[PDB]
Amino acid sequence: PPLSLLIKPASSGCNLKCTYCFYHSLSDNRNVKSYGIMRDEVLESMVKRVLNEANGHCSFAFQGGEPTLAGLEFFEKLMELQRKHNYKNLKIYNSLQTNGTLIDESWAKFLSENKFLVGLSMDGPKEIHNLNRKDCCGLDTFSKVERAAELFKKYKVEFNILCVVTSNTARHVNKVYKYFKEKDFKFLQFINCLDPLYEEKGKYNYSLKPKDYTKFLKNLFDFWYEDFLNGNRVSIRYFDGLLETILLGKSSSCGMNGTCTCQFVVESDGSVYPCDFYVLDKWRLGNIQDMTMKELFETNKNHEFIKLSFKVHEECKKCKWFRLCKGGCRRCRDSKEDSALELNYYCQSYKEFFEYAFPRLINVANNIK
């Protein structure tokens, strides 16, 4: 009201085996629970509840897992439900985050005609991408992802690139930025690679350490700002979010406002969680078939989840960048179960990045008003 949901229509099921992914079962030692494909009755109950209860507008985002594994027919059905049951004539936004490997002519057409905003996961040029994003047999995926982008350009699907920043990304910002430029990808989101929740940090070859992230951010900013000066505008979600915070005092990105929200993550059995990073039994709010969205929001579990994020670290209280950074995403402060949050893992990276980039960030903000 408005309502935004993050739906996993094929649960944690996926066809790849990306090395850093903790959203899909990779092996005997990294298992993730799967509820299978969302049944029609759950999808129907979910869609009608959102249309009945939202005010203003609503948004349905499909992730996972690989959501195309639910099949095109599932999304056909989704659209049919939205047409028939939107009694309030709400504006509806749909979005899909995909590995792109199963995208074909049919998918591209459908996503284009139905105005989906699509996020396509691509870590950079061939070798960088393939290093971590492998298929079930350990083989390469980059060419199949390029094929999806090609189909999206052909059918005029609106899409953003989702790129995970690993230690390797930090060593090759030039290759990554230039690759995306050459492909004319104008909307980029760079996601810090997370180690698995509550594991000791920085133990994997891909692990993004704070010194790596500092190197990544400073260099990325330079390429971006050079483009800005030359009149080539590239949207980088993190920088866009800093600009919003500078001009408006708030950001449209979760994790940049200093406190958590309820993202209404819906697993394929209809179970609901407050954040994509926290699809765990201890944060299971209830089932969307049997509770109103307000009831889910008002649960003690959701209240607790959000309130834990209100704690401000002492360093943050005296930090010059507090009103810009706000302590960052709670997931990067959450070091051990049931313990109080601590200082953001990337605190040092933010400080050093701000010292490097703030003067130019202000220049951009002044120019976009």
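In this text, residue numbers run from 1 along the sequence as written.
- Coordinates for residue 25 are absent from at least a third of the other compared entries of this protein that model residues on both sides of it.
- Comparing 195-203 with 177-185, the stretch with the higher mean C-alpha B-factor in the PDB entry is 195-203.
- Taking only CA atoms, the mean B-factor in the PDB entry is higher for 281-289 than for the other of 97-105 and 281-289.
- Within the listed group 39, 307, 48, 330, the record reports its top CA B-factor for 307.
- When the C-alpha B-factors of 138, 119, 270, 231 are ranked from the entry, the top spot goes to 231.
- Per-chain ranking of the deposited C-alpha B factor places residue 155 in the highest third.
- Split the chain's modelled residues into thirds by C-alpha temperature factor. Residue 227 is in the highest one.
- Sort the chain's modelled residues by C-alpha temperature factor and residue 212 lands in the middle third, per the entry.
- Ranked by C-alpha B-factor against the other modelled residues of its chain, residue 134 falls in the lowest third.
- When the modelled residues of the chain are ordered by C-alpha B-factor, residue 240 sits in the lowest third.
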